[PDB]
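Structure file upload.cif; described as mmCIF, C-alpha atoms (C1' of nucleotides); chains and numbers go by the auth columns.
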```cif
data_my_file
loop_
_atom_site.group_PDB
_atom_site.id
_atom_site.type_symbol
_atom_site.label_atom_id
_atom_site.label_comp_id
_atom_site.label_asym_id
_atom_site.label_seq_id
_atom_site.Cartn_x
_atom_site.Cartn_y
_atom_site.Cartn_z
_atom_site.B_iso_or_equiv
_atom_site.auth_seq_id
_atom_site.auth_asym_id
ATOM 1 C CA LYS A 1 14.839 63.052 37.503 0.00 269 A
ATOM 2 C CA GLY A 2 11.312 62.411 38.750 0.00 270 A
ATOM 3 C CA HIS A 3 12.450 62.237 42.391 0.00 271 A
ATOM 4 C CA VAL A 4 11.521 65.095 44.723 0.00 272 A
ATOM 5 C CA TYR A 5 12.757 65.525 48.296 0.00 273 A
ATOM 6 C CA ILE A 6 11.136 67.680 50.990 0.00 274 A
ATOM 7 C CA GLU A 7 12.891 68.376 54.291 0.00 275 A
ATOM 8 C CA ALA A 8 10.248 67.902 57.000 0.00 276 A
ATOM 9 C CA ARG A 9 10.022 66.330 60.458 0.00 277 A
ATOM 10 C CA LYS A 10 6.818 64.263 60.129 0.00 278 A
ATOM 11 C CA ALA A 11 5.305 62.116 57.403 0.00 279 A
ATOM 12 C CA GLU A 12 2.107 64.182 57.354 0.00 280 A
ATOM 13 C CA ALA A 13 4.283 67.277 56.960 0.00 281 A
ATOM 14 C CA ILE A 14 5.658 65.780 53.740 0.00 282 A
ATOM 15 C CA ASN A 15 2.118 64.799 52.761 0.00 283 A
ATOM 16 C CA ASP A 16 0.862 68.377 53.063 0.00 284 A
ATOM 17 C CA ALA A 17 4.033 69.719 51.425 0.00 285 A
ATOM 18 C CA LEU A 18 3.253 67.537 48.396 0.00 286 A
ATOM 19 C CA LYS A 19 -0.531 67.863 48.820 0.00 287 A
ATOM 20 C CA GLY A 20 -2.380 70.177 46.471 0.00 288 A
ATOM 21 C CA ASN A 21 -0.020 69.381 43.590 0.00 289 A
ATOM 22 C CA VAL A 22 -1.196 67.961 40.275 0.00 290 A
ATOM 23 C CA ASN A 23 2.390 67.517 39.020 0.00 291 A
ATOM 24 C CA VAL A 24 2.815 64.716 41.588 0.00 292 A
ATOM 25 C CA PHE A 25 1.838 61.099 41.059 0.00 293 A
ATOM 26 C CA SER A 26 -1.080 60.568 43.420 0.00 294 A
ATOM 27 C CA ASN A 27 0.811 57.754 45.160 0.00 295 A
ATOM 28 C CA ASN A 28 2.548 58.599 48.434 0.00 296 A
ATOM 29 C CA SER A 29 5.706 56.842 47.219 0.00 297 A
ATOM 30 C CA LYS A 30 8.267 58.159 49.700 0.00 298 A
ATOM 31 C CA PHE A 31 11.375 56.471 51.078 0.00 299 A
ATOM 32 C CA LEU A 32 13.648 57.431 53.949 0.00 300 A
ATOM 33 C CA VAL A 33 17.269 58.449 53.408 0.00 301 A
ATOM 34 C CA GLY A 34 20.275 57.279 55.390 0.00 302 A
ATOM 35 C CA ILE A 35 22.391 59.733 57.348 0.00 303 A
ATOM 36 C CA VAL A 36 25.270 59.225 54.914 0.00 304 A
ATOM 37 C CA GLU A 37 22.862 59.566 51.976 0.00 305 A
ATOM 38 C CA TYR A 38 21.407 62.879 53.190 0.00 306 A
ATOM 39 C CA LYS A 39 24.446 64.786 51.906 0.00 307 A
ATOM 40 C CA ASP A 40 24.703 62.509 48.862 0.00 308 A
ATOM 41 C CA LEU A 41 21.405 63.997 47.638 0.00 309 A
ATOM 42 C CA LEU A 42 22.947 67.492 47.434 0.00 310 A
ATOM 43 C CA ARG A 43 26.393 66.817 45.940 0.00 311 A
ATOM 44 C CA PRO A 44 26.995 69.174 42.964 0.00 312 A
ATOM 45 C CA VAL A 45 29.044 66.563 41.106 0.00 313 A
ATOM 46 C CA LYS A 46 37.903 69.758 31.721 0.00 319 A
ATOM 47 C CA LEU A 47 37.943 72.387 28.955 0.00 320 A
ATOM 48 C CA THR A 48 41.492 73.198 27.844 0.00 321 A
ATOM 49 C CA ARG A 49 42.978 74.997 24.859 0.00 322 A
ATOM 50 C CA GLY A 50 44.239 72.593 22.229 0.00 323 A
ATOM 51 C CA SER A 51 41.662 70.034 23.379 0.00 324 A
ATOM 52 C CA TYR A 52 39.941 67.993 20.687 0.00 325 A
ATOM 53 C CA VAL A 53 36.214 68.770 20.781 0.00 326 A
ATOM 54 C CA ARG A 54 33.076 68.085 18.750 0.00 327 A
ATOM 55 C CA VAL A 55 30.119 70.283 17.792 0.00 328 A
ATOM 56 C CA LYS A 56 26.406 69.574 18.230 0.00 329 A
ATOM 57 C CA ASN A 57 24.643 72.827 17.289 0.00 330 A
ATOM 58 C CA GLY A 58 23.227 74.201 14.067 0.00 331 A
ATOM 59 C CA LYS A 59 24.721 73.076 10.774 0.00 332 A
ATOM 60 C CA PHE A 60 28.215 72.137 11.971 0.00 333 A
ATOM 61 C CA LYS A 61 26.981 69.561 14.495 0.00 334 A
ATOM 62 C CA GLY A 62 29.005 66.365 14.748 0.00 335 A
ATOM 63 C CA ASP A 63 32.286 67.976 13.637 0.00 336 A
ATOM 64 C CA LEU A 64 35.419 67.458 15.709 0.00 337 A
ATOM 65 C CA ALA A 65 37.576 70.520 16.317 0.00 338 A
ATOM 66 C CA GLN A 66 40.198 72.161 18.511 0.00 339 A
ATOM 67 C CA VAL A 67 39.242 74.769 21.102 0.00 340 A
ATOM 68 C CA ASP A 68 41.097 77.930 20.098 0.00 341 A
ATOM 69 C CA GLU A 69 40.334 80.746 22.549 0.00 342 A
ATOM 70 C CA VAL A 70 37.929 80.991 25.490 0.00 343 A
ATOM 71 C CA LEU A 71 36.234 84.314 26.148 0.00 344 A
ATOM 72 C CA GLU A 72 36.784 86.004 29.498 0.00 345 A
ATOM 73 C CA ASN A 73 33.055 85.834 30.265 0.00 346 A
ATOM 74 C CA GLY A 74 33.205 82.032 30.214 0.00 347 A
ATOM 75 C CA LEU A 75 30.280 81.123 27.963 0.00 348 A
ATOM 76 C CA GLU A 76 31.712 81.075 24.410 0.00 349 A
ATOM 77 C CA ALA A 77 34.795 79.157 23.237 0.00 350 A
ATOM 78 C CA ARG A 78 36.460 79.597 19.849 0.00 351 A
ATOM 79 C CA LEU A 79 36.948 76.431 17.801 0.00 352 A
ATOM 80 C CA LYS A 80 39.212 75.256 14.983 0.00 353 A
ATOM 81 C CA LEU A 81 37.140 73.338 12.421 0.00 354 A
ATOM 82 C CA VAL A 82 37.489 72.017 8.881 0.00 355 A
ATOM 83 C CA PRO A 83 35.030 74.161 6.899 0.00 356 A
ATOM 84 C CA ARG A 84 32.052 72.738 5.040 0.00 357 A
ATOM 85 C CA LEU A 85 31.544 75.428 2.355 0.00 358 A
ATOM 86 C CA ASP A 86 30.004 75.345 -1.145 0.00 359 A
ATOM 87 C CA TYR A 87 32.151 78.044 -2.824 0.00 360 A
ATOM 88 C CA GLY A 88 29.135 79.866 -4.214 0.00 361 A
ATOM 89 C CA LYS A 89 27.953 76.822 -6.172 0.00 362 A
ATOM 90 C CA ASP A 90 24.321 77.004 -4.992 0.00 363 A
ATOM 91 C CA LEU A 91 24.025 80.427 -3.302 0.00 364 A
ATOM 92 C CA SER A 92 21.031 82.313 -4.695 0.00 365 A
ATOM 93 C CA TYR A 93 21.881 75.060 5.312 0.00 383 A
ATOM 94 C CA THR A 94 21.171 72.214 7.734 0.00 384 A
ATOM 95 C CA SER A 95 22.789 69.086 9.173 0.00 385 A
ATOM 96 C CA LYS A 96 21.440 66.667 6.524 0.00 386 A
ATOM 97 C CA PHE A 97 22.121 68.327 3.132 0.00 387 A
ATOM 98 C CA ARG A 98 25.627 69.432 4.110 0.00 388 A
ATOM 99 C CA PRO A 99 28.430 68.443 1.696 0.00 389 A
ATOM 100 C CA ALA A 100 31.713 67.021 2.982 0.00 390 A
ATOM 101 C CA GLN A 101 34.447 68.921 4.832 0.00 391 A
ATOM 102 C CA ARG A 102 37.770 70.289 3.606 0.00 392 A
ATOM 103 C CA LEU A 103 40.241 72.867 4.882 0.00 393 A
ATOM 104 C CA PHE A 104 39.806 76.340 3.439 0.00 394 A
ATOM 105 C CA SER A 105 41.808 76.867 0.258 0.00 395 A
ATOM 106 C CA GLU A 106 41.880 80.545 -0.651 0.00 396 A
ATOM 107 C CA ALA A 107 42.471 79.846 -4.353 0.00 397 A
ATOM 108 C CA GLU A 108 39.222 77.921 -4.847 0.00 398 A
ATOM 109 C CA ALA A 109 37.101 80.589 -3.146 0.00 399 A
ATOM 110 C CA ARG A 110 38.840 83.278 -5.199 0.00 400 A
ATOM 111 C CA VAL A 111 38.282 81.415 -8.467 0.00 401 A
ATOM 112 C CA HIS A 112 34.624 80.509 -7.891 0.00 402 A
ATOM 113 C CA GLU A 113 33.220 83.236 -5.626 0.00 403 A
ATOM 114 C CA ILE A 114 37.190 87.543 0.381 0.00 406 A
ATOM 115 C CA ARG A 115 38.965 90.124 2.559 0.00 407 A
ATOM 116 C CA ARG A 116 42.490 88.947 3.344 0.00 408 A
ATOM 117 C CA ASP A 117 43.582 90.180 6.781 0.00 409 A
ATOM 118 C CA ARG A 118 46.764 88.239 7.598 0.00 410 A
ATOM 119 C CA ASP A 119 48.730 85.370 6.095 0.00 411 A
ATOM 120 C CA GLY A 120 46.287 82.459 6.229 0.00 412 A
ATOM 121 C CA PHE A 121 43.687 84.455 8.187 0.00 413 A
ATOM 122 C CA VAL A 122 40.701 85.036 5.888 0.00 414 A
ATOM 123 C CA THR A 123 37.415 86.730 6.818 0.00 415 A
ATOM 124 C CA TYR A 124 34.782 85.237 4.499 0.00 416 A
ATOM 125 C CA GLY A 125 31.126 86.091 5.131 0.00 417 A
ATOM 126 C CA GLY A 126 31.562 86.630 8.865 0.00 418 A
ATOM 127 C CA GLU A 127 33.725 83.504 9.283 0.00 419 A
ATOM 128 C CA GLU A 128 37.332 83.384 10.505 0.00 420 A
ATOM 129 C CA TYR A 129 39.619 81.092 8.483 0.00 421 A
ATOM 130 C CA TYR A 130 43.129 80.729 9.938 0.00 422 A
ATOM 131 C CA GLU A 131 45.567 78.571 7.936 0.00 423 A
ATOM 132 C CA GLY A 132 42.641 76.885 6.193 0.00 424 A
ATOM 133 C CA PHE A 133 40.889 75.985 9.467 0.00 425 A
ATOM 134 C CA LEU A 134 37.424 77.264 10.358 0.00 426 A
ATOM 135 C CA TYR A 135 37.285 79.666 13.315 0.00 427 A
ATOM 136 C CA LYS A 136 34.005 80.862 14.817 0.00 428 A
ATOM 137 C CA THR A 137 32.607 81.804 18.211 0.00 429 A
ATOM 138 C CA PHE A 138 30.975 78.612 19.496 0.00 430 A
ATOM 139 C CA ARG A 139 28.810 78.617 22.607 0.00 431 A
ATOM 140 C CA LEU A 140 30.087 76.238 25.273 0.00 432 A
ATOM 141 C CA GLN A 141 26.650 74.596 25.366 0.00 433 A
ATOM 142 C CA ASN A 142 27.151 73.691 21.686 0.00 434 A
ATOM 143 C CA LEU A 143 30.375 71.714 22.186 0.00 435 A
ATOM 144 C CA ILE A 144 31.531 68.425 23.712 0.00 436 A
ATOM 145 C CA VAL A 145 34.939 68.188 25.393 0.00 437 A
ATOM 146 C CA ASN A 146 34.431 65.093 27.557 0.00 438 A
ATOM 147 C CA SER A 147 33.883 61.496 26.448 0.00 439 A
ATOM 148 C CA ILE A 148 34.884 61.827 22.795 0.00 440 A
ATOM 149 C CA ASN A 149 35.711 58.565 21.023 0.00 441 A
ATOM 150 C CA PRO A 150 37.874 59.376 17.975 0.00 442 A
ATOM 151 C CA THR A 151 36.750 57.756 14.726 0.00 443 A
ATOM 152 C CA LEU A 152 38.573 56.271 11.758 0.00 444 A
ATOM 153 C CA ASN A 153 38.421 59.542 9.818 0.00 445 A
ATOM 154 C CA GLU A 154 39.846 61.366 12.838 0.00 446 A
ATOM 155 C CA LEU A 155 42.787 58.959 13.053 0.00 447 A
ATOM 156 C CA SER A 156 43.374 59.495 9.330 0.00 448 A
ATOM 157 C CA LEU A 157 43.169 63.289 9.788 0.00 449 A
ATOM 158 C CA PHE A 158 43.981 63.870 13.471 0.00 450 A
ATOM 159 C "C1'" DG B 1 22.216 98.908 12.696 0.00 1 B
ATOM 160 C "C1'" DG B 2 20.318 95.628 16.658 0.00 2 B
ATOM 161 C "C1'" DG B 3 16.638 94.103 19.929 0.00 3 B
ATOM 162 C "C1'" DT B 4 12.691 90.858 20.273 0.00 4 B
ATOM 163 C "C1'" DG B 5 10.494 86.760 18.458 0.00 5 B
ATOM 164 C "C1'" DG B 6 7.889 83.857 15.200 0.00 6 B
ATOM 165 C "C1'" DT B 7 9.852 80.406 13.813 0.00 7 B
ATOM 166 C "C1'" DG B 8 11.893 75.628 11.630 0.00 8 B
ATOM 167 C "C1'" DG B 9 14.756 73.343 12.952 0.00 9 B
ATOM 168 C "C1'" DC B 10 16.392 70.023 16.291 0.00 10 B
ATOM 169 C "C1'" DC B 11 15.577 67.074 20.016 0.00 11 B
ATOM 170 C "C1'" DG B 12 13.842 63.292 22.429 0.00 12 B
ATOM 171 C "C1'" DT B 13 9.322 61.196 24.428 0.00 13 B
ATOM 172 C "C1'" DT B 14 4.224 59.444 27.834 0.00 14 B
ATOM 173 C "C1'" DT B 15 -0.216 59.089 31.817 0.00 15 B
ATOM 174 C "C1'" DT B 16 -6.236 62.234 33.329 0.00 16 B
ATOM 175 C "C1'" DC B 17 -8.021 57.848 35.638 0.00 17 B
ATOM 176 C "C1'" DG B 18 -11.333 54.909 33.476 0.00 18 B
ATOM 177 C "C1'" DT B 19 -17.183 37.823 27.837 0.00 19 B
ATOM 178 C "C1'" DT B 20 -16.783 32.615 26.827 0.00 20 B
ATOM 179 C "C1'" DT B 21 -15.506 27.530 27.836 0.00 21 B
ATOM 180 C "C1'" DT B 22 -12.417 24.083 29.896 0.00 22 B
ATOM 181 C "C1'" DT B 23 -7.630 21.611 32.633 0.00 23 B
ATOM 182 C "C1'" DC B 24 -4.029 22.470 35.251 0.00 24 B
ATOM 183 C "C1'" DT B 25 -1.796 24.583 39.341 0.00 25 B
ATOM 184 C "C1'" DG B 26 -0.923 26.095 43.671 0.00 26 B
ATOM 185 C "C1'" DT B 27 -2.836 27.096 48.600 0.00 27 B
ATOM 186 C "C1'" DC B 28 -5.990 25.352 52.386 0.00 28 B
ATOM 187 C "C1'" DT B 29 -8.067 25.546 56.665 0.00 29 B
ATOM 188 C "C1'" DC B 30 -9.419 21.042 58.322 0.00 30 B
ATOM 189 C "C1'" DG B 31 -8.917 16.207 60.185 0.00 31 B
ATOM 190 C "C1'" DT B 32 -6.985 12.337 61.876 0.00 32 B
ATOM 191 C "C1'" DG B 33 -3.846 9.344 64.161 0.00 33 B
ATOM 192 C "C1'" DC B 34 -0.430 9.425 67.584 0.00 34 B
ATOM 193 C "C1'" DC B 35 1.644 9.734 71.523 0.00 35 B
ATOM 194 C "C1'" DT B 36 3.747 10.593 76.563 0.00 36 B
ATOM 195 C "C1'" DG B 37 3.598 12.170 80.934 0.00 37 B
ATOM 196 C "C1'" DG B 38 0.371 12.438 84.975 0.00 38 B
ATOM 197 C "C1'" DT B 39 -1.869 9.195 86.281 0.00 39 B
ATOM 198 C "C1'" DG B 40 -5.121 3.762 87.803 0.00 40 B
ATOM 199 C "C1'" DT B 41 -6.012 -0.256 89.974 0.00 41 B
ATOM 200 C "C1'" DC B 42 -4.576 -3.905 92.688 0.00 42 B
ATOM 201 C "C1'" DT B 43 -3.699 -6.815 97.574 0.00 43 B
ATOM 202 C "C1'" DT B 44 -1.098 -7.693 101.739 0.00 44 B
ATOM 203 C "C1'" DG B 45 -0.244 -7.342 106.131 0.00 45 B
ATOM 204 C "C1'" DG B 46 0.301 -4.641 110.158 0.00 46 B
ATOM 205 C "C1'" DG B 47 -1.485 -0.807 112.507 0.00 47 B
ATOM 206 C "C1'" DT B 48 -5.789 0.985 113.708 0.00 48 B
ATOM 207 C "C1'" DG B 49 -9.259 -0.537 114.705 0.00 49 B
ATOM 208 C "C1'" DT B 50 -12.100 -2.387 119.157 0.00 50 B
ATOM 209 C "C1'" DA B 51 -13.645 -4.513 124.031 0.00 51 B
ATOM 210 C "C1'" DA B 52 -13.420 -5.862 128.271 0.00 52 B
ATOM 211 C "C1'" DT B 53 -11.231 -5.561 132.760 0.00 53 B
ATOM 212 C "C1'" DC B 54 -7.936 -3.809 136.076 0.00 54 B
ATOM 213 C "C1'" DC B 55 -6.719 -0.491 139.327 0.00 55 B
#
```
Reformat the file's structure so that it appears as structure tokens.
Amino acid sequence: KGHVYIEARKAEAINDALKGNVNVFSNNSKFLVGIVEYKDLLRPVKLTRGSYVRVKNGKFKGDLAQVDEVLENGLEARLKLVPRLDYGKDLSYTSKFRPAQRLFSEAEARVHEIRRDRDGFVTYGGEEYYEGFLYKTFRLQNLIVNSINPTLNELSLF
DNA sequence: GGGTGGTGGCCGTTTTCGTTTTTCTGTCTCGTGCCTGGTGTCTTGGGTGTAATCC
């Protein structure tokens, strides 16, 4: 970030390539690059099913999960979460007023608030609930699969 | 119903160039004293002076 490279053959060529630009610090702060480093400036640079992942988007941010099914297009990956639902207690959400999490129990939703499709698979307000676990189409940008440090609650649960 | 979009949330973040008194501290060209290698001055004695005559 903040570093811009221009491939020229003379210093004044770089000067005029960066001249006439207001998005450039007025200083001519330019440094040469070693032969080995030339290719190092253009180097471009772990998502598996059953991989423990966390969410960062919308209301369910910061919730660990399991990647369930990846779409053929390669942009959206299904997740297995522990729902955070209110059972119609205050329906008449964000990432700061959210109550705690708990696996879907069909009995509670039936008693308080529901189209049963298969055994354990419940479609509730556009949400997929398999065996009490939250299923929804999560965009790959919304999820973290690398560098996840499991917490105490995850050891207790996972 | 579903496409387009203001939106509230979330998320993380910088850059046009536009005064006063002292003591202590660290450089500073500048100077001086030194020094050593080419050189300085002495003085003896024999050659280079000199002088006549031969032949």
With 10 Å as the limit and counting only C-alpha atoms (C1' of nucleotides), what residues in chain B lie close to chain A? Please list them as a PDB file with C-alpha atoms (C1' of nucleotides), in the coordinates of the input.
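Output below, filename result.pdb:
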```pdb
ATOM      1  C1'  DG B   9      14.756  73.343  12.952  1.00  0.00           C
ATOM      2  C1'  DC B  10      16.392  70.023  16.291  1.00  0.00           C
ATOM      3  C1'  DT B  15      -0.216  59.089  31.817  1.00  0.00           C
TER       4       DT B  15
END
```
Quick one: axis-aligned box around all listed atoms of range 4-18 of chain B, 5 Å on every side, centre and edge lengths in Å to one decimal, written as AutoDock Vina command-line options.
```
--center_x 2.5 --center_y 72.9 --center_z 23.6 --size_x 37.7 --size_y 45.9 --size_z 34.0
```
- Message: For residue 431 in chain A, find every residue with an atom within 8 Å (counting only C-alpha atoms (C1' of nucleotides)), except residues of its own chain fewer than 2 positions away, and show them as a count of residues only.
- Response: 7
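Once residue 294 in chain A and its same-chain neighbours fewer than 5 positions away are set aside, residues 283, 286, 287, 288 and 289 of chain A; 15, 16 and 17 of chain B remain within 12 Å of it when counting only C-alpha atoms (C1' of nucleotides).
Only residues having an atom at most 7 Å from (34.8, 66.2, 23.2) are included; using only C-alpha atoms (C1' of nucleotides), these are residues 325, 326, 327, 436, 437, 438, 439 and 440 of chain A.
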- Work out how far apart CA of residue 311 in chain A and CA of residue 275 in chain A are and give it in Å to one decimal. 16.0 Å
- Distance CA of residue 391 in chain A-CA of residue 406 in chain A, one decimal place? 19.3 Å
- Task: Pick out the residues sitting within 9 Å of residue 328 in chain A, and hand them over as a PyMOL selection string; count only C-alpha atoms (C1' of nucleotides), and ignore anything fewer than 5 positions along from it in its own chain.
- Result: chain A and resi 333-338+430+434-436
Residues as selected, C-alpha atoms, written as a PDB file, in the coordinates of the input, can you do that?
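Below is the file that was written, part_18.pdb:
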```
ATOM      1  CA  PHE A 333      28.215  72.137  11.971  1.00  0.00           C
ATOM      2  CA  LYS A 334      26.981  69.561  14.495  1.00  0.00           C
ATOM      3  CA  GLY A 335      29.005  66.365  14.748  1.00  0.00           C
ATOM      4  CA  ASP A 336      32.286  67.976  13.637  1.00  0.00           C
ATOM      5  CA  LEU A 337      35.419  67.458  15.709  1.00  0.00           C
ATOM      6  CA  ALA A 338      37.576  70.520  16.317  1.00  0.00           C
ATOM      7  CA  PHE A 430      30.975  78.612  19.496  1.00  0.00           C
ATOM      8  CA  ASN A 434      27.151  73.691  21.686  1.00  0.00           C
ATOM      9  CA  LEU A 435      30.375  71.714  22.186  1.00  0.00           C
ATOM     10  CA  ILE A 436      31.531  68.425  23.712  1.00  0.00           C
TER      11      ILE A 436
END
```
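What separates CA of residue 402 in chain A from CA of residue 361 in chain A is a distance of 6.6 Å.
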- Hey, what comes out of the PyMOL selection byres ((chain A and resi 320) around 9) on this file? Could you write it as a PyMOL selection string? chain A and resi 319+321-322+324+340+437-438
- Message: List as a count of residues only the protein and nucleic acid residues near range 415-417 of chain A, meaning an atom at most 10 Å away when all atoms listed in the file are counted, but skip any in the same chain fewer than 5 places from it.
- Response: 9
Extract, using all atoms listed in the file, all DNA, RNA and protein residues at most 6 Å from residue 355 in chain A, discarding same-chain residues fewer than 6 positions from it, and format them as a compact mmCIF listing (two decimals) with C-alpha atoms, in the coordinates of the input.
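After the write, result11.txt holds the following:
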```txt
# COMPACT_ATOMS: atom_id res chain seq x y z
CA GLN A 391 34.45 68.92 4.83
CA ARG A 392 37.77 70.29 3.61
CA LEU A 393 40.24 72.87 4.88
CA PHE A 425 40.89 75.98 9.47
CA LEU A 426 37.42 77.26 10.36
```
